[PDB]
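**Student:** experimental structure below, sequence on top.
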Amino acid sequence: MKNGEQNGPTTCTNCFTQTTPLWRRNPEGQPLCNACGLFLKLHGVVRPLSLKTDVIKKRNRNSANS
DNA sequence: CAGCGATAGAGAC
DNA sequence: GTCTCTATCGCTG
Ligand SMILES: [Zn+2]
């Protein structure tokens, strides 16, 4: 389609967040967003998802990213 | 050209 | 000053 816009709604099975810079996955084949896969895998233990937030701090960038 | 992993940085008190 | 949590970068095919 010429729309090219959104067509596949990915869902984080851990926090349902649809806003993320990189989609991660669990060694079990379950889809995760950014922090869920990075944080859960490194901790190996469940932790209050209460850390759920819709606001993410944006960091600086390189001179130019193609 | 795009996607991913690992490491390090920053913030608040 | 120290500690924790999260994101981006660089590299390869
Ligand atoms: Zn998530």
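**Tutor:** On my side now, so go ahead. Residues are numbered from 1 along each chain as shown, chains lettered A, B, ... in the order given.

**Student:** quick one: contacts for the residue most central in space within chain A?
**Tutor:** Against the mean C-alpha coordinate of chain A, by C-alpha atoms, centre = their mean, the closest residue is residue A:33 at 2.1 Å. Contacts for residue A:33 (C-beta atoms under 8 Å, 6 or more residues apart in numbering) come out as A:12, A:14, A:15, A:17, A:19, A:20, A:23, A:24. (Each C-beta comes from the backbone N, C-alpha and C, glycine too.)

**Student:** at 7 Å what do you get?
**Tutor:** A:12, A:15, A:17, A:20, A:23, A:24 (C-beta atoms under 7 Å, 6 or more residues apart in numbering).

**Student:** ok, and which of those residues reach the ion?
**Tutor:** Of the residues in the contacts of residue A:33, proximity to the ion by C-beta under 5 Å from the ion holds for A:12, A:15, A:17.

**Student:** residue contacts, residue A:14?
**Tutor:** Applying C-beta under 7 Å, 6+ apart, the residues contacting residue A:14 are A:32, A:36, A:40.

**Student:** filter the contacts of residue A:33 down to the ones near DNA strand C?
**Tutor:** residue A:20 (C-beta under 7 Å from any atom of the strand).

**Student:** quick one: residue A:30 and residue A:12 touch, right?
**Tutor:** No - Residue A:30 is beyond contact range of residue A:12, at 9.3 Å (criterion: C-beta atoms under 7 Å).

**Student:** who's more crowded, those two?
**Tutor:** residue A:12 (21 against 13; other C-beta atoms under 10 Å).

**Student:** with adjacent residues omitted, what lies nearest to residue A:17?
**Tutor:** residue A:33 (4.8 Å; C-beta to C-beta, 6 or more residues apart in numbering).

**Student:** next to the ion, which bits of chain A? Give me the list.
**Tutor:** So far as C-beta under 5 Å from the ion goes, chain A lies against the ion at A:12, A:14, A:15, A:17, A:33, A:36.

**Student:** ok, the last one - contacts?
**Tutor:** Spelled out, that is residue A:36. Contacts of residue A:36 by C-beta under 7 Å, 6+ apart are A:12, A:14, A:15, A:24.
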